[PDB]
2 protein chains.
Amino acid sequence: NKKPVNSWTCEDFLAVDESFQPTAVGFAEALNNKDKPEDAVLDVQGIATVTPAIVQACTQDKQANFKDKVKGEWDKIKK
Amino acid sequence: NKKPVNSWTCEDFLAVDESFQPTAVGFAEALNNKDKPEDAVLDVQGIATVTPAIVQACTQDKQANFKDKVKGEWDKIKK
């Protein structure tokens, strides 16, 4: 799918090759985090921790918005 | 690594473990799509192909700005 990522559903995400799921999550997270991009830091551990929890959350709610599942899982890595 | 990604030089990127380099490349690309997020497109196979080219380019120019090499290699791929 060449759909813009913010339009991906959880279903679209599960279709990406396994080795690249953390990349799709990192991308969605950074694109929508919207804190100043000049201060944006790569949180490898955060992305690695949330990815399986996202594949999990996504499997249980295939039609949800992918970008939205990322934010909600990422809202447990800081809060 | 706590430096903001937009401040990274090639030396910082070469320090990222091989398994997370494509996530770093995709994260850098997302930071450039902050103004109109709903139009950002993630091309996972493109990330897969270009990452090793950026690693090599960075090895030969360690002092250079990381995002600039990301853009340079991606430009050589499309155009």
Side-chain angles (χ1 to χ4, degrees), chain A residues 1-55 58 64-75 77-78, chain B residues 1-55 58 62 64-71 73-74 77-79:
Chain A
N1 296 64
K2 329 187 75 64
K3 299 164 63 174
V5 65
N6 276 10
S7 289
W8 289 13
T9 60
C10 262
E11 189 181 311
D12 294 314
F13 170 58
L14 298 178
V16 167
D17 184 69
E18 328 65 61
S19 59
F20 287 97
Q21 293 179 310
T23 294
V25 168
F27 191 96
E29 201 292 325
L31 176 71
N32 298 296
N33 177 298
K34 304 313 71 183
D35 273 304
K36 310 306 172 297
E38 318 76 61
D39 302 311
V41 170
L42 183 62
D43 187 337
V44 173
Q45 50 187 57
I47 288 166
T49 305
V50 60
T51 299
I54 289 168
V55 174
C58 270
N65 175 76
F66 168 61
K67 174 274 271 60
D68 287 325
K69 281 301 195 300
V70 171
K71 191 187 203 309
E73 289 292 341
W74 188 273
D75 280 342
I77 304 301
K78 302 301 174 60
Chain B
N1 179 293
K2 294 293 182 177
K3 307 204 304 192
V5 169
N6 286 1
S7 291
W8 283 14
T9 55
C10 277
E11 196 174 65
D12 300 313
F13 172 64
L14 299 172
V16 179
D17 180 77
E18 183 179 0
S19 67
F20 283 82
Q21 287 178 315
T23 296
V25 168
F27 190 95
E29 288 188 20
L31 280 51
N32 292 156
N33 290 281
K34 59 176 182 182
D35 305 310
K36 274 200 174 180
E38 68 286 0
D39 293 332
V41 172
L42 172 61
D43 178 354
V44 291
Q45 175 56 53
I47 292 304
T49 294
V50 74
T51 292
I54 301 169
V55 171
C58 277
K62 296 176 180 293
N65 180 98
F66 174 57
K67 295 271 299 302
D68 284 337
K69 290 304 197 194
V70 169
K71 172 170 59 293
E73 298 298 308
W74 192 277
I77 284 179
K78 180 181 179 299
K79 296 182 178 182

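Quick note on labels: first sequence line is chain A, next is B, and so on, each numbered from 1.
- Across B:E38, B:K34, B:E29, B:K3, the residue that shares the most heavy-atom pairs under 4.5 angstrom with chain A is B:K34.
- Taking every heavy atom of both residues into account, B:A24 and A:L42 meet most closely at CB-CD2, 3.7 Å.
- Interface remark: B:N1 contributes backbone atoms only to the contact with chain A (heavy atom separation under 4.5 Å).
- With a 4.5 Å cut-off on non-hydrogen atoms, A:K67 does not touch chain B at all.
- The contact between A:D39 and chain B is made entirely by backbone atoms, counting heavy-atom distances below 4.5 Å.
- Of the residues listed (A:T51, A:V44, A:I47), the one engaging B:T23 in a side chain to side chain contact (heavy atoms under 4.5 Å, CB included) is A:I47, and it is the only one.
- Closest approach of B:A40 to A:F27, counting heavy atoms only: CB-CE2, 4.1 Å.
- Both the backbone and the side chain of B:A48 come within less than 4.5 Å of a heavy atom of chain A.
- Using a 4.5 Å cut-off between heavy atoms, A:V16 contacts chain B through its side chain alone, with no backbone atom that close.
- The two residues B:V41 and A:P4 make their nearest non-hydrogen contact at CG2-CA, 4.3 Å.
- Closest approach of A:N32 to B:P37, counting heavy atoms only: OD1-CB, 3.8 Å.
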